[PDB]
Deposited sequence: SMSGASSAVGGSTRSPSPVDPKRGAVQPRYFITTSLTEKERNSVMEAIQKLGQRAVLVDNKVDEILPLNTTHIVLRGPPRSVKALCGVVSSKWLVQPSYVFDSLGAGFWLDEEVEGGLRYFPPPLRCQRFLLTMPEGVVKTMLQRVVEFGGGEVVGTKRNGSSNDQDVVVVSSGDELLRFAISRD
């Protein structure tokens, strides 16, 4: 988060399709109202809607939707990205605002060995791996014992 206070860097003038994840109802409604107020080709719109480009979340990626965004090259931005852009009068540059985007998709065509017992956590991680174009092994493998390990792998590629 480092825009210039004089001439803050403008983001590209193009459609932005926002969803939110794991926000409180109050913060979600505030984010929605700000997106609608700023406009300028942004819209608040499967695990992710097929038209998703941006995911608003508070804090680091933790939910299934946030992890699917990490591995499918969506922008992951804090609520401040929306409120700061409304304050500037235009959509700010996502990277200057501290937004996260991992390109190309970091799990694509990679094989993952989930060294954990069966359960909802394993199931969710298999869904994330597949959402990112990877394969879960049922040798060139990435061993994962936690979602944190998969996340740290996904953000450290290229």
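> Which segments of the deposited sequence lack C-alpha coordinates in the modelled structure, numbering from residue 1?
Absent from the structure are positions 1-13, 59-63, 157-165.
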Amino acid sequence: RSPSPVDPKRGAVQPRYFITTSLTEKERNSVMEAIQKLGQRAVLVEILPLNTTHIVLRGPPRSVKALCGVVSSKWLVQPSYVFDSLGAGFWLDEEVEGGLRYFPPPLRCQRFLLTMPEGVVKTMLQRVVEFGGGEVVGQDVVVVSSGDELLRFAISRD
From here on, numbers count along this sequence of modelled residues.
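> Return whichever of 96-104 and 29-37 has the greater mean Cα B factor according to the PDB record.
The stretch with the larger average C-alpha B-factor is 29-37.
> For the higher mean C-alpha B factor in the entry, choose 110-118 or 46-54.
The deposited B-factors put 46-54 ahead on the C-alpha mean.
> Quick one: which of 11, 15, 147, 134 has the biggest Cα B-factor according to the entry?
Checking the PDB record, the top C-alpha B-factor among 11, 15, 147, 134 is at 15.
> Taking the C-alpha B-factors as the PDB entry records them, is residue 6 in the lowest, middle or highest third of its chain?
For residue 6, the deposited C-alpha B-factor lands in the highest third.
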